[PDB]
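Have a look below at one chain only, the form deposited in one PDB entry, in structure tokens format.
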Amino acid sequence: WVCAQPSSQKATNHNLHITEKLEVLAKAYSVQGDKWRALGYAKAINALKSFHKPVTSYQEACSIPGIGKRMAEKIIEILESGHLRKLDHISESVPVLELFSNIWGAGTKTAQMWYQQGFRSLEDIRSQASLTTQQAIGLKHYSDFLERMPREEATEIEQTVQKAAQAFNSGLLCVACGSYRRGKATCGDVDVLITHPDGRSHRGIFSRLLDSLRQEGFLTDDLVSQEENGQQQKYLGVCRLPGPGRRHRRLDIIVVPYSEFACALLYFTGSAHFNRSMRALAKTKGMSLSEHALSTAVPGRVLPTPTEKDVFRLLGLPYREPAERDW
């Protein structure tokens, strides 16, 4: 279980010659849509990254959780020969599929369709492809959404959101989660969680907050924002700080009831692989873990989780600080 161990085990990778090659195959399977095969590669890569020493034998590889017969044979190949033959036999469509699936709002199905239709470049997409509203925004910001910002800029973005929120309710709590809370030096976006400790004033704040951030010109595009019926949980969009030298940055906001704060904070801090491991563990124990609650198997019972530590405790896991969840 990745979630049972500190992610600092990957800081010293004794198998990088192997993992940098498996990573190429993992991405090739992912963009072609073979999600489960790609998942097995991703888990094997993490297992090899955390292992305490270089793997040197077939029996040694198979003994590692996440590494089976097939993955062992690839490891043996890279050790003996220095190369992996399959890397010379990846589908020729893969670079273009990767190019296309890096448009926000286009995944493997859209990328494969565009490839079948004869498109090979973003110029082809721009000039000939049918784009959803989201995809057109993704394409307009193609390079910007592939950039990571310095964490200092993420702080400024969080502060912009926080000041706008607290201006109409001074009791609102705002926390930047994701890679920022995990202590990374750069951030792909800013993930802001908003709640209110009184348990009720979080309701209806999206309309006021988004209007405020629009009034000051900070939000530039909206990707996901269901503003019609008042039940909105998330905003996914684009912002830009004022002044020269600024880039468009992705911004995600969630507003959660205080009763769900610990589970929402745990979810939104991640990492994604950490969450998936923790959720899979919870299931083996007759529980279910989401961004709303830790509950028993089904209508199940909601377990009491006032803090993140309580979730770890109820799953039998030692607590990990956010920086140690970077799987």
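Residues that one form lacks are left out of the comparison. Counting begins at 1, following the sequence as shown. In this text, rigid core is short for the largest set of C-alphas that superpose within 1.5 Å between two forms.
Quick note: we don't show the form deposited in another entry, though the next part is all about it.
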| query | finding |
| --- | --- |
| Answer among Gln231, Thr133, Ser130, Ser127 for the CA shift between the shown form and the other one that reaches 2 Å or more, rigid core superposed | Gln231 |
| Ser50: Cα shift of 2 Å or greater between the shown form and the other one (core-aligned) | yes |
| Closer or farther in the other entry, the Cα atoms of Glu228 and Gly107, when the shift from this form is 3 Å or more | closer |
| Closer or farther in the other entry, the Cα atoms of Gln232 and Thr133, when the shift from this form is 3 Å or more | farther |
| Taking the rigid core as reference, consecutive runs of 3 or more residues that move 2 angstroms or more in Cα between the shown form and the other one | 11-14, 49-54, 226-232 |
